[PDB]
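In the block that follows, a single chain appears as structure tokens, in the form deposited in one PDB entry.
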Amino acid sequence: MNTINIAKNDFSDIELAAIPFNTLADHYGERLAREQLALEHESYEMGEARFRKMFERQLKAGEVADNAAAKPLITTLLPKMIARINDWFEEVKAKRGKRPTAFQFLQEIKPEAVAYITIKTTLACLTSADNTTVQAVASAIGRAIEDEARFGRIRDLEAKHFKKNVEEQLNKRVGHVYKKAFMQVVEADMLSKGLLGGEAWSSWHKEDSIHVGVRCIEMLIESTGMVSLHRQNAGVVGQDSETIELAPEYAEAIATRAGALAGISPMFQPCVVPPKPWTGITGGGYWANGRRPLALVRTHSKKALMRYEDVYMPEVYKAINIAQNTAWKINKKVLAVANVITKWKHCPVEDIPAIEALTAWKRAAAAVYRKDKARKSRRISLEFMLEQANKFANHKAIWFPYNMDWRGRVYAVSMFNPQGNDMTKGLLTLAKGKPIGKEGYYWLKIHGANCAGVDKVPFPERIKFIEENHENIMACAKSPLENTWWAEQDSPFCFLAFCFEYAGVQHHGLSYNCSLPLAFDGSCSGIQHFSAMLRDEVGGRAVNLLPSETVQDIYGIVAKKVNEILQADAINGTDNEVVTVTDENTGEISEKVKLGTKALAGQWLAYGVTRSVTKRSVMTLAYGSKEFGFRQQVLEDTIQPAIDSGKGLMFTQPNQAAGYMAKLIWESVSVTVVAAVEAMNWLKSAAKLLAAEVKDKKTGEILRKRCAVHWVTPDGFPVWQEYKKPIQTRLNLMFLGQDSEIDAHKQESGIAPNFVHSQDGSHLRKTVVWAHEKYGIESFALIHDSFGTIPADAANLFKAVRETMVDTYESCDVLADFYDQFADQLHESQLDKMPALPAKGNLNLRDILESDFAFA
């Protein structure tokens, strides 16, 4: 009800603490320490204000139980509330005579659903409604019970298979009134089908719903002292009323928890001094001893964090500290452009002036609904980034703290970060620059082509395109408001950043000091690393690991391969056959035609398949997508947009075309990048064998317990995959749903993507130290796959990122090391089932050193 302010005592400590300020003052002076400590104090100030506004909004709408302050109270209160209503059913069943009015209504709804509905709606009514009378909350409890009881039968019994297609539609709706209206509409559709047994819901009378809530309030009172009954003006027939008041101890508990969480959640901001070097697991980045300390590894469990303190990983610690030491400054020229065009447009780039029908309208209506949500959500991120950029514009340099996830990929801790979108990327440039030279001017021009989308074309033609458009680049840099050409580009704000630096080198020559980040980005990091482990030549050429005559587009290679299958199937494909299909819920037997491969090939060739049909399928391969996942993708990305546009008349039956295309893509990717498919299968089966508990069916006892997966990456970072699932969970249709065993499915679903993401993090970290020590590189722009530095350092970072990969996979076979970790953990019965290590190919790693288009 009334939250304590953590700021008065706790937040003042981080500014006035004796030891953090001196350690900051000895490195960078006392006056920079005062500004930094006040900035970190403001970071905690803003985060507490964020929690308070959210809490007050949840107080108004009755969403207090959704807040994390009320969760520990409900978690202990719920087991006694569920038992009290279960016992009361047993007492009434033993009781003779008339059953109570509420007894019949309580049985149909789930009893655990009663316990949360009562607790949530009581606290919603006590906190917000301003009426403490028993009947108003009791009517609210009964109406909430009836709403779950009336529409729960759709989820529970008659449509438990039909719900899975309306569940996603229900989840897309936001707000209980919006969720209810669709639930009424779906009930009318289901009752027309006769699916619910043809029994329409009989609406509870208003007097009946109060009797439901009153008994539930009393049953909560016997279970817990959440509310105490009060009777006012008793004996007066006109003024007799009964009220319930929330427990002062329980309201104190939520406020104490709310004040604690308000100090735990800060809004992280860039550092005005270089960040504190990561000496250990905690305390790195920001200097002050605070309530929320930064962790080297972002772990969901504190036990997983504690595994990192014993291990000695010197190279991991250096690479983060070098990345933190990179100084950034806000590019003022792009900021001056961005400040004026953002006031005129929600997104400055979204519109530039240049030279089954009902279901189609329903999907069109859902398109303008999500776009309205999208355009609001996109803007509120932009306003925060612009304010952060405008705040630190005048500072000579800012620094970003760096930590990393449990896999090993590094991220910037601050909310404003170089790892953001195009505008945020363009608003940030490196602080320490060097004279550009001929090599840097060449690489600056190459970076200008990449921001323009000329990345698919080899290096000499990328240089030519910049020189052809030289007069347009100078005109855009001369006045970005007068010429909109830079906005039309793929990466507009970063392209405009290149235009300013391109114009400076024309005015000031090759002696110009350029501090612009020059990003080299690997084409497909997961497949590059997978092709490197198993030395697959055709995969490495597809991901530009090998030197090539031109930049090789893996989407185009697959699109060419599926095109070859399409033309062959158009001549020798299967003819169409009629197939019986039965809808199980209806029981209806119908005879539909099945399109053969010959007919399906003719449809797709009439559409014309390009890299765009195959593009998303290739990207999601490293995440674990296969033929089934591709079927949904080609439908939503190519077929469904076609039929809204008037195309797709060829796709007479869209799902058959999707399954046909998914098979063709999966056959093509499996033969294009062989190592990627085999390596992910080896990792998935290894995790599956380690996940599963081993028992003989006649002995019952488990010979081997469910085991987690652990491996160590080449630069010394250990990573533990322990996906764990809760035993029980609660779900309500109209209300928010409210040690532990290893979830085997998540262990298999995540082993291969996280392993290759651990490899790219080690590659990024090894690249940072190699470029820092073998070469003179001190400024780094790191976004997982992208490696960026100043133009004068751009040539060496180009060499360094290749040298680290060729050294890493020559030194270690990470898959073979992985097999050494879990082989002793494996049960002897699983040993015969375990696949052998995938065969090593013909690719030579030294060719990566001379590959122009790897970029990484």
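From 1 onward, residues are counted along the sequence shown. By rigid core we mean the largest C-alpha set that fits within 1.5 Å across both forms.
Quick note: we don't show the form deposited in another entry, though the next part is all about it.
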query: Of the candidates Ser612, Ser301, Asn681, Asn421, the only Cα that travels 2 Å or more between the shown form and the other one, given a rigid-core fit; finding: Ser612
query: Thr101 C-alpha relocation of at least 2 Å between the shown form and the other one, rigid core basis; finding: yes
query: Cα displacement of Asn472 between the shown form and the other one reaching 2 Å, rigid core superposed; finding: no
query: Core-aligned C-alpha movement of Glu168 between the shown form and the other one reaching 2 Å; finding: yes
query: Outcome for the Cα pair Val413, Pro348 in that other deposited form, compared with this form (closer or farther; change of 3 Å or more); finding: farther
